[PDB]
**Q** 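My questions will all concern the structure given below.
First the proteins, then the strands, lettered A, B, ... as listed; each starts at 1. Values below: all heavy atoms of this structure, side chains included; hydrogens, waters and symmetry mates excluded.
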Amino acid sequence: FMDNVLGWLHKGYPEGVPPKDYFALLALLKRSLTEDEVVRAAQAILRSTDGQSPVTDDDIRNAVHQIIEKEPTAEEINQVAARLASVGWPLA
Amino acid sequence: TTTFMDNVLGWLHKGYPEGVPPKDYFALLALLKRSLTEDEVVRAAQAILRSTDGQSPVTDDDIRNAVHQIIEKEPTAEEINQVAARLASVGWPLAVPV
């Protein structure tokens, strides 16, 4: 797994995951951006950045949030980071 | 889909009946994200293809057994799915979703 998914899990459930939240947890873990959402998110970053300053997880989270209008998961952020990497955009 | 979640949720409730403490997040995520390597997928599909003729749709049980022999431990839902998907890429009759 990616390090930030584990970080995301500690952030979301700082004192443990109670059994009443198992469905919510797994549903969130399963969630991903559609191809069209990944295109829009990467586009949004490219529109707002110069290609020198490395793009941060926070930058990507904000771009994705604006698009899906809800708190992004680590997996969603990573889809966009991957896409930006495919066009050589610097990543933090 | 619904069945994927049914299966993982059933597993989670059984493995962690009183909750998942933060010390077990590493182990939990490792299991949830565990996947067959490409070469393991190839080997599973090949063993299944050798022992079936299409008159009997490949079941979850068929795939589970094939993957178990390869990885030498109980296969997860995602590992089973990877093989079902590979089999579907050659149009092999499947009982299970993908």
**Q** Of the non-hydrogen atoms in A:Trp89 and A:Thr49, which two are nearest, and what is the gap between them?
**A**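 Taking A:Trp89 first and A:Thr49 second, the nearest heavy atoms are NE1-OG1, 2.7 Å.
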**Q** Side-chain contact test, heavy atoms from C-beta onward, threshold under 4.5 Å: evaluate it for B:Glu38 versus B:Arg86 and give yes or no.
**A**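 The answer is yes; the side chains approach within 4.5 Å.
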**Q** So A:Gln52 and A:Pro90, do their side chains get closer than 4.5 Å, heavy atoms only?
**A**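 With C-beta onward as the side chain, the pair stays apart.
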**Q** Determine, stepwise, if the pair B:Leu28 / B:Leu12 fulfils side-chain contact (heavy atoms from CB on, under 4.5 Å).
**A** CA-CA 9 Å; B:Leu28 175 56; B:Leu12 190 42; 3.9 Å; yes
**Q** Do A:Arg31 and A:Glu75 meet the salt-bridge criterion of a basic N to acidic O distance under 4.0 Å?
**A**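 Not counted as a salt bridge, because no side-chain N and carboxylate O are separated by less than 4.0 Å.
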**Q** Would you check, one step at a time, whether the test side-chain contact (heavy atoms from CB on, under 4.5 Å) holds for A:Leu46 with A:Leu84?
**A** CA-CA 8 Å; A:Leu46 295 173; A:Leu84 288 166; 3.9 Å; yes
**Q** Do A:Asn4 and A:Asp57 meet the criterion of a side-chain donor-acceptor pair at a distance under 3.5 Å?
**A**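 There is no such pair (donor and acceptor under 3.5 Å, judged by atom type) between the side chains of A:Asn4 and A:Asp57.
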**Q** Do A:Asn62 and A:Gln66 have side-chain heavy atoms sitting under 4.5 Å apart?
**A**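 A side-chain contact is absent here, since even the closest heavy-atom pair is not under 4.5 Å.
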**Q** Could you tell me the separation between the CZ atom of A:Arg40 and the CD1 atom of A:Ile68, rounded to the nearest 0.5 Å?
**A**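 Taking CZ in A:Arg40 and CD1 in A:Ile68, the distance rounds to 10.5 Å.
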**Q** Just how far is it from atom CD of A:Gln79 to atom OG of A:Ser32, taken to the nearest 0.5 Å?
**A**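 OG of A:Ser32 is found 5.0 Å from CD of A:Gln79.
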**Q** Which heavy atom of B:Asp62 sits nearest a heavy atom of B:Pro57, and at what distance?
**A**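 Where B:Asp62 meets B:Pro57 most closely, the heavy atoms are OD2-O, 4.1 Å.
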**Q** Do B:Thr3 and B:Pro97 make a side-chain contact, defined as non-hydrogen atoms from C-beta onward lying under 4.5 Å apart?
**A**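 Yes, at least one pair of side-chain atoms sits under 4.5 Å.
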**Q** Side-chain heavy atoms nearer than 4.5 Å, only ILVMFWY residues, links allowed to pass through others: does that put A:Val5 and A:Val64 together?
**A**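 Per the 4.5 Å side-chain linkage, A:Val5 and A:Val64 are not co-clustered.
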**Q** Check whether A:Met2 and A:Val80 end up in the same hydrophobic cluster, where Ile, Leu, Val, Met, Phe, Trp and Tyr are linked by side-chain heavy atoms less than 4.5 Å apart.
**A**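 No; A:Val80 is not reachable from A:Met2 via cluster members.
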**Q** Tell me whether A:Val39 is reachable from A:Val87 by hopping between hydrophobic residues (I, L, V, M, F, W, Y) whose side-chain heavy atoms are closer than 4.5 Å.
**A**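 No, A:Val87 does not connect to A:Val39 through the hydrophobic network.
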**Q** Please determine whether side-chain contact (heavy atoms from CB on, under 4.5 Å) holds for the pair B:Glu74 and B:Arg64, giving the CA-CA distance in whole Å, both sets of side-chain angles, and the decisive distance to 0.1 Å.
**A** CA-CA 8 Å; B:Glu74 193 70 43; B:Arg64 189 179 331 268; 3.3 Å; yes
**Q** Between the main-chain N or O of B:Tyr16 and the side-chain N or O of A:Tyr22, is there a donor-acceptor pair closer than 3.5 Å?
**A**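 It does hold such a pair.
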**Q** Are A:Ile77 and A:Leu29 connected in the hydrophobic side-chain network, where two residues link if heavy atoms are under 4.5 Å apart?
**A**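 No, it is not one cluster - the side chains of A:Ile77 and A:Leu29 are not joined through contacts under 4.5 Å.
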**Q** Return yes when atom CG of B:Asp53 has more than 12 non-hydrogen atoms of other residues, nucleotides or ligands closer than 6.0 Å, and no otherwise.
**A**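 More than 12 heavy atoms, drawn from other residues, nucleotides or ligands, come within 6.0 Å of this atom.
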**Q** Can you tell me how far CG of A:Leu91 sits from CD1 of A:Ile60, rounded to the nearest 0.5 angstrom?
**A**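 It comes to 5.5 Å.
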**Q** What's the separation between atom OG1 in B:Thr37 and atom CG in B:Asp39, rounded to the nearest 0.5 Å?
**A**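 B:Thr37 atom OG1 to B:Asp39 atom CG measures 5.5 Å (nearest 0.5 Å).
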**Q** When you check the side-chain N and O atoms of A:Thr73 and A:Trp8, is any donor under 3.5 Å from an acceptor?
**A**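 Note: A:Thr73 and A:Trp8 side chains miss the donor-acceptor criterion.
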**Q** Can you give me the closest heavy-atom contact between A:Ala63 and A:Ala41, atom names plus distance?
**A**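 That would be CB-O, 4.3 Å.
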**Q** On a heavy-atom basis, which atom in B:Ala84 and which in B:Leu94 lie closest, and how many Å separate them?
**A**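 It is O-CD1, 3.4 Å.
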**Q** Which pair of heavy atoms, one from A:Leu33 and one from A:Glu37, lies closest together, and at what distance?
**A**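 In terms of heavy atoms, the two residues are closest at CA-OE1, 3.3 Å.
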**Q** Could you check, using the six-membered ring where one of them is a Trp, whether B:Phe26 and A:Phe1 have ring centers closer than 6.0 angstrom?
**A**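 Ring centroids of B:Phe26 and A:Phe1 are less than 6.0 Å from each other.
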**Q** Would A:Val17 end up clustered with B:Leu9 when hydrophobic side chains under 4.5 Å apart are linked, directly or stepwise?
**A**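 Yes, it is one cluster - the side chains of A:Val17 and B:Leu9 are joined through contacts under 4.5 Å.
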**Q** Minimum heavy-atom separation for A:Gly16 to A:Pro18, with atom names?
**A**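 Where A:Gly16 meets A:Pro18 most closely, the heavy atoms are O-CD, 3.5 Å.
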